[PDB]
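Colleague: Chains as they are written, first to last, in the entry's author numbering: chain A, 171 to 407, 410 to 509; chain C, 341 to 425; chain B, 171 to 340; chain G, 1 to 59, 71 to 276; chain E, 240 to 475; chain I, 8 to 23, 27 to 49, 53 to 61; chain H, 11 to 23, 26 to 90, 92 to 97, 99 to 115, 118 to 136. Don't be surprised by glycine CBs; every beta carbon is placed ideally from N, CA and C.
1) Determine which residues share a DSSP beta bridge with residue 168 (chain G) and list them.
2) Quick one: is residue 267 (chain G) near chain E, going by C-beta distance under 8 Å?
3) I'd like to know whether the C-beta atoms of residue 56 (chain H) and residue 127 (chain H) end up nearer to each other than 8 Å.
4) Could you give the distance in angstroms between the alpha-carbon of residue 205 (chain B) and the alpha-carbon of residue 322 (chain B)?
5) Indicate whether residue 215 (chain G) and residue 105 (chain G) have their beta-carbon atoms separated by less than 8 Å.
6) So which residues of chain G does residue 9 (chain I) contact, with C-beta pairs closer than 7 Å?
7) Within the same chain, show all residues whose beta-carbon is closer than 6 Å to that of residue 232 (chain B), passing over the 5 residues directly before and after it, in chain order.
8) Would you list the one or two residues that DSSP bridges to residue 345 (chain A)?
9) So with CB distances below 7 Å, who are the chain J contacts of residue 234 (chain G)?
10) Here's a check: name, in chain order, each residue in its chain whose Cβ is nearer than 8 Å to the Cβ of residue 215 (chain A), leaving out the five neighbours to either side.
11) At a Cβ cut of 7 Å, what residues of the segment 111-123 of chain G count as close to chain I, listed as they run along the chain?
12) Pick out whichever of G:204, G:237 and G:226 has its Cα sitting closest to the Cα of residue 37 (chain G).
13) Note down, one range per segment and in chain order, each beta strand (DSSP E) of at least 3 residues found wholly within the segment 37-69 of chain H.
14) Among the candidates A:269, A:351, A:286 and A:172, whose CA atom is the shortest distance from the CA of residue 370 (chain A)?
15) Please classify residue 408 (chain A): is it buried, with 16 or more other beta-carbons within 10 angstroms of its beta-carbon, or exposed?
16) Which runs of the beta strand (DSSP E) at least 3 residues long sit entirely within the segment 343-405 of chain A? Give them in chain order.
17) For the alpha helix (DSSP H) containing residue 183 (chain A), name the first residue and the last one.
18) From this set, E:256, E:254, E:361 and E:281, which residue's C-alpha is nearest residue 267 (chain E)'s C-alpha?
19) Just checking, does the segment 16-28 of chain G make contact with the segment 158-165 of chain G on the three C-beta pairs under 8 Å criterion?
20) Output, in chain order, the set of chain A residues within a Cβ distance shorter than 8 Å of residue 273 (chain E).
21) What residue does the beta strand (DSSP E) around residue 27 (chain H) start on, and which one ends it?
22) Specify whether the segment 44-57 of chain G and the segment 379-394 of chain C touch according to this definition: at least 3 beta carbon pairs, one from each stretch, less than 8 Å apart.
23) Is the segment 293-301 of chain B touching the segment 240-247 of chain B in the sense that three or more CB pairs, one from each, lie closer than 8 Å?
24) Over what stretch of residues does the alpha helix (DSSP H) that includes residue 243 (chain B) continue unbroken?
25) Would you give the residue range spanned by the alpha helix (DSSP H) that residue 69 (chain G) belongs to?
26) For residue 339 (chain B), count neighbouring C-beta atoms within 10 Å of its own C-beta (all shown protein chains included) and say buried if the count is 16 or more, exposed if not.
27) Please tell me whether residue 295 (chain B) has its Cβ less than 8 Å away from any Cβ of chain G.
28) Return the CA-CA distance between residue 142 (chain G) and residue 497 (chain A), expressed in angstroms with no decimal places.
29) Does DSSP put residue 2 (chain I) in a helix, in a strand, or in coil?
30) Any residues in the segment 397-415 of chain C with a beta carbon nearer than 8 Å to a beta carbon of chain G? Which ones, in chain order?
31) Looking at the secondary structure, which residues open and close the alpha helix (DSSP H) in which residue 445 (chain A) lies?
32) Of all the CB atoms in chain E, is at least one closer than 8 Å to the CB of residue 342 (chain A)?
33) Since residue 270 (chain A) is in the beta strand (DSSP E), which residue starts that stretch and which ends it?
34) Any Cβ of chain E within less than 8 Å of the Cβ of residue 264 (chain G)?
35) Within 8 Å, do at least three Cβ pairs link the segment 53-71 of chain H to the segment 28-42 of chain H?
36) Which residues in chain A sit within 7 Å of residue 6 (chain G), going by Cβ to Cβ distance?
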């Protein structure tokens with residue numbers, strides 16, 4: 171995604187959510203995060219560290235630091251070294267998440283090494299075997315066999331798009347290796363959609379295989395609705413068909429809904445309700461400005477009134493027709509107020 | 341060109357298309373700046389040509405719009421007419 | 171033109187038409203036609219050969235072959251050698267024809283050779299003597315002065331233009 | 001550079017395609033209303049035409076024309092302009108009343124003397140009886156329409172849903188009503204001034220119908236034009252795509268060569 | 240594969256994955272060898288390496304190796320030399336699309352983008368060719384017809400035109416094989432339909448003999464014999 | 008007063027159940043101007 | 011037959029009796045009637061096709077018995094039920111308006129219309 175558009179911010183949001191699971195005893199719920207700061211100013215990382223300390227995330231966080239000042243050999247080995255740390259957790263059968271940020275600066279460091287070692291540089295003046303480096307690194311992220319102990323080492327490489335360029339040699343290689351992409355978009359950022367993720371250009375090759383069953387149930391619709399909203403997006407600029417206009421109402425409210433104030437993650441047991449409301453289209457009846465107020469209020473209404481439901485959603489992790497029934501009732505009741 | 345642009349205090353771009361358009365010598369004053377302002381400009385000419393820049397700048401925007409040939413308001417066509425002359 | 175728009179077929183039709191003329195007894199109606207297959211699959215050539223032998227056109231025609239498998243220096247030497255055979259006909263004062271299919275793949279072959287000789291790349295990485303190769307090859311195809319014999323050697327060099335944008339160096 | 005200038009221009013073409021698509025759809029929406037109206041209006045007109053036929057209508072002069080202020084709705088403006096000019100050969104001394112800026116401008120050039128009355132604030136709106144009535148009222152007062160014993164009106168008959176033919180018809184004056192012979196095969200004595208009332212009445216009924224026919228043809232033409240535009244934009248997209256792709260490759264090659272040359276030394 | 244072909248005399252089918260990454264690997268080895276990277280980075284030995292590889296893929300007098308290869312186009316630049324060189328070696332291209340999969344048609348083959356050079360009146364037979372050509376023409380006309388037919392209205396179709404639309408939509412459904420590997424995966428029993436019966440099926444559809452059996456009674460249905468059953472079930 | 012002015016006015020008055031379709035109300039009230047052309054020359058575009 | 015046609019709508023454009033309010037007072041038409049042309053005043057109208065009758069308030073128009081017995085009424089849009099209180103309030107304002115200002121005539125048509133509305 172787009173250069174320093176809170177690329178680190180998008181990443182940081184995940185780390186905060188890992189606190190919730192981390193607090194829980196289960197070590198499948200203890201993802202021991204690693205943020206790998208490559209070529210990053212000590213001040214910037216100090217701010218990161220300070221923010222992490224503020225959210226008390228330091229107590230499972232590891233910050234592998236190869237700062238801007240730290241030289242290109244350290245930078246070259248920085249993701250690889252970090253990965254090895256990850257192996258220990260993984261080997262113990264535990265889970266962890268390593269965020270390599272950003273391989274774009276890793277590439278440059280390798281470029282510096284190679285050119286200085288007089289090795290012929292590859293495409294776009296980035297070493298020829300930079301692909302080989304990336305392929306080795308990115309294939310170390312693995313969900314191990316039950317036989318050889320179930321462990322994992324989730325990874326989320328960060329690539330900085332040089333003016334949104336995704337055709338560049340370092341992006342193209344990485345794009346092939348990766349199992350999904352998330353593509354941040356400048357227009358969306360400007361249009362105040364934070365996260366500024368363009369979900370059209372975001373893809374997952376693992377996708378629905380992992381995700382809560384409950385959340386899967388109430389978000390098949392969401393994919394389809396949003397799909398129409400995107401197509402009928404350009405129809406937003410006169411005298412418009414009723415069908416398109418209905419889509420626009422549902423779609424616009426959804427677009428506002430997926431805004432989230434960055435550095436605040438949400439609990440899944442309350443994510444499922446918000447999307448459910450949208451699915452039941454009761455949010456169609458809620459004014460755009462009032463979506464935000466509605467959201468927090470709806471959550472509080474659920475927290476007081478239907479905290480049985482919240483606990484049920486959480487613990488069952490699945491939604492029975494009876495649970496969806498009760499949930500709908502709650503949504504209707506809140507929507508009425 | 342990049343090296344020279346830094347060194348110099350102005351650039352005086354001439355556009356070939358504008359040569360053909362009939363300004364001979366041609367000009368291309370969108371790519372011509374002198375950031376040393378109205379220094380070394382005769383005082384009389386400084387007074388008179390004060391809004392010459394504004395008119396031309398407005399003309400540049402207006403002319404582009406005019407090429408799309410959308411229903412123009414009189415204000416744009418005042419600019420357009422003025423600019424052309 | 172573009173790859174396998176029956177690229178081969180255009181040349182084949184010429185050879186076929188010049189069956190009746192060539193099966194004439196007039197030596198001034200004898201074309202001796204050479205099909206130089208450069209950068210072409212040996213299988214495809216074998217199908218072509220079978221097609222030619224079905225139209226029994228093989229008996230008046232030569233096939234020179236420098237398949238895709240065959241190494242780049244052989245490919246480099248393939249048009250030149252073929253043209254020598256053509257000159258023997260030419261120097262019989264007898265009409266001939268030579269189709270260099272695909273001379274574009276010959277360009278790639280000479281490019282490869284040049285690069286592997288670590289000779290500097292030319293435009294589009296095709297060396298600057300790519301011109302020299304083609305000009306020498308092509309201008310060796312002629313219908314000599316009547317004194318020196320009427321031996322033709324008609325050249326039809328078959329260029330495979332990618333994109334069909336013929337503003338391309340080769 | 002080349003690559004970026006291609007790309008920005010290609011983006012323009014993309015936006016144009018999208019807009020011309022959008023415009024075609026919005027035009028379709030508007031077209032539905034236009035057509036709906038046109039039936040009801042035409043039915044009213046046909047009942048009057050039944051009178052004129054049975055009456056045997058027996059038709071300075073006026074030329075009235077209808078186009079919109081806005082453009083880019085077919086060749087409505089200039090095909091009608093050419094056909095007005097043809098009928099301005101048919102009557103050089105006629106006073107042209109131009110309803111629509113686009114028809115106004117073109118005719119204004121050919122004769123500015125003939126432009127006598129012109130009307131603004133109609134073109135962006137759908138035809139309405141209120142407008143028709145007012146225009147008629149002004150035609151009578153300002154142009155003294157009845158004095159000119161020939162009136163002719165130009166509009167666009169929406170020939171097919173894919174076509175528009177500029178068309179004209181003659182409005183039937185009080186003089187026309189007077190000298191209609193089988194007028195007398197309708198009973199009136201002198202009780203009402205039926206010529207002077209009916210003239211006024213058919214001035215508007217005919218005018219509204221002409222406007223409805225015109226508007227439908229105009230909006231349909233706009234849809235058609237904007238559709239063909241989208242196709243043209245696609246072709247240009249493809250052409251710039253090949254250019255973009257080739258240009259991208261060439262830059263890469265040229266850059267690579269420079270690095271290689273440096274490395275070789 | 241060659242041990243199978245040459246030394247077990249049996250036909251083989253050899254899949255290769257991305258040939259882009261075959262190229263990338265070759266390109267790297269060139270650079271490592273220090274050899275001047277030829278245009279668009281690709282190795283100067285790009286052509287020759289494919290030439291050797293894909294002439295070891297052939298029909299010998301004792302066997303034949305068929306090879307299915309995957310071409311990962313570099314940002315859809317067919318213009319790029321590496322795809323072009325591949326396409327030269329390739330004889331046919333099967334162009335699966337997701338639109339087709341989204342029409343529920345499994346196989347996912349985009350019929351107007353799949354072409355083979357063995358499709359000929361000679362090579363696969365005049366009958367086979369003619370049947371194919373008619374079906375192709377039908378599909379080609381159908382798609383183009385559907386563009387403005389859908390927008391303008393299905394009533395804009397003439398009796399002949401809607402005969403074609405009906406036939407086409409019947410063919411479109413008839414294409415989908417509920418095939419055996421995906422017997423589980425789609426959930427519907429497989430259909431392996433022999434070549435002779437494939438030609439036969441399309442001849443009959445061309446004669447519109449099943450233009451009385453609606454289009455959805457061919458959906459996920461195999462050949463002509465199969466849709467006799469489905470026709471019966473449709474009625475019943 | 009002109010016959011067609013009379014009917015128009017009547018229609019406009021008559022759309023004053028009291029509450030009516032928007033299209034009726036719009037069809038009974040639309041703004042416009044009339045740019046009389048004295049020659053070229055032209056009295057100013059003014060509300061028709 | 012009858013053709014009763016409005017600009018924005020259409021009504022009857026078979027109709028055995030039609031009762032119309034005209035410059036000739038009130039006119040009733042059944043079958044052939046004289047091939048008259050009369051301007052219709054603002055009206056309370058009854059139109060009967062067979063014995064069944066539908067009643068309309070019409071903003072005036074024109075009446076024409078065509079000489080082929082195809083009754084043709086062409087009139088400008090007002092339905093009786095759609096028109097049929100606010101106008102009476104409005105008329106009070108409009109009457110005041112006559113004092114200051118064509119508007120005098122406008123309000124005059126409006127009073128004529130109000131009286132006619134009061135008739136229903």
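Modeller: This is what the structure gives:
1) Your numbering for residue 168 (chain G) matches position 157 in the fourth chain. Per DSSP, G:176.
2) Working through the fourth chain from its first residue, we reach residue 267 (chain G) at position 256. With 8 Å as the cut-off, residue 267 (chain G) counts as an interface residue toward chain E.
3) The residue labelled residue 56 (chain H) in the question sits at position 44 within the seventh chain. The residue labelled residue 127 (chain H) in the question sits at position 111 within the seventh chain. No, these two residues do not count as a Cβ contact at 8 Å.
4) By one-based count along the third chain, residue 205 (chain B) stands at place 35. By one-based count along the third chain, residue 322 (chain B) stands at place 152. Going from the Cα of residue 205 (chain B) to the Cα of residue 322 (chain B) covers about 15 Å.
5) Mapped onto the fourth chain, residue 215 (chain G) falls at position 204. Mapped onto the fourth chain, residue 105 (chain G) falls at position 94. Contact flag unset, no.
6) Taking the sixth chain and counting its residues from 1, the one referred to as residue 9 (chain I) is at position 2. 148, 151 and 211, listed in chain order.
7) By 1-based counting over the third chain, the position of residue 232 (chain B) is 62. If we look at residue 232 (chain B) and ignore the five residues flanking it on each side, its Cβ neighbours are 204.
8) The residue given as residue 345 (chain A) occupies position 175 in the first chain. BP columns for residue 345 (chain A) are empty, so no partner.
9) In the structure shown, chain J cannot be found, because the protein chains are A, C, B, G, E, I and H.
10) Within the first chain, residue 215 (chain A) is the residue found at index 45, counting from 1. Excluding residues within five positions, the ones whose Cβ falls inside 8 Å are 207, 233, 235 and 237.
11) 123
12) Counted from its first residue, the fourth chain places residue 37 (chain G) at position 37. Taking only the C-alpha atoms, the option nearest residue 37 (chain G) is G:226.
13) 37-42, 49-52 and 55-61
14) For this step, residue 370 (chain A) is matched to residue 200 along the first chain. Residue 370 (chain A) has its Cα closest to that of A:351, out of A:269, A:351, A:286 and A:172.
15) Between 407 and 410, chain A has no modelled residues, and residue 408 (chain A) is one of the positions in that gap.
16) 351-354 and 367-373
17) By one-based count along the first chain, residue 183 (chain A) stands at place 13. Start and end: 177-193.
18) Taking the first residue of the fifth chain as position 1, residue 267 (chain E) is located at position 28. If we check each option's Cα against that of residue 267 (chain E), E:281 comes out closest.
19) no
20) As a working mapping, residue 273 (chain E) is identified with position 34 in the fifth chain. Within 8 Å Cβ-Cβ: 290.
21) Taking the first residue of the seventh chain as position 1, residue 27 (chain H) is located at position 15. Here residue 27 (chain H) belongs to no beta strand (DSSP E), and DSSP marks it neither H nor E.
22) no
23) no
24) For the purposes of this step, residue 243 (chain B) is taken as the residue at position 73 of the third chain. Its alpha helix (DSSP H) spans residues 242-260.
25) Regarding the residue in question, residue 69 (chain G) is not represented: chain G runs 59 and then 71, omitting everything in between.
26) Residue mapping note: residue 339 (chain B) aligns to position 169 of the third chain, counting from 1. Residue 339 (chain B) should be labelled exposed.
27) Working through the third chain from its first residue, we reach residue 295 (chain B) at position 125. Closer than 8 Å to some Cβ of chain G, the Cβ of residue 295 (chain B) qualifies, so yes.
28) Indexing the fourth chain from 1 puts residue 142 (chain G) at position 131. Indexing the first chain from 1 puts residue 497 (chain A) at position 325. Cα to Cα, residue 142 (chain G) sits roughly 56 Å from residue 497 (chain A).
29) Any answer about residue 2 (chain I) is impossible in this case: the structure gives chain I only from 8 up to 61.
30) 409 and 411
31) The residue labelled residue 445 (chain A) in the question sits at position 273 within the first chain. It spans 440-451 - the alpha helix (DSSP H) in which residue 445 (chain A) sits, taken as one unbroken run.
32) Along the first chain, read from residue 1 onward, the residue named residue 342 (chain A) stands at position 172. With 8 Å as the cut-off, residue 342 (chain A) counts as an interface residue toward chain E.
33) On the first chain, position 100 is the one that residue 270 (chain A) refers to. Element bounds for residue 270 (chain A): 267-271.
34) As a working note, residue 264 (chain G) is residue 253 in the fourth chain. Judged by the 8 Å Cβ criterion, residue 264 (chain G) is in contact with chain E.
35) yes
36) Along the fourth chain, one-based indexing puts residue 6 (chain G) at 6. Near residue 6 (chain G) there are no residues of chain A at all, since even the closest Cβ is about 14 Å away, more than 7 Å.
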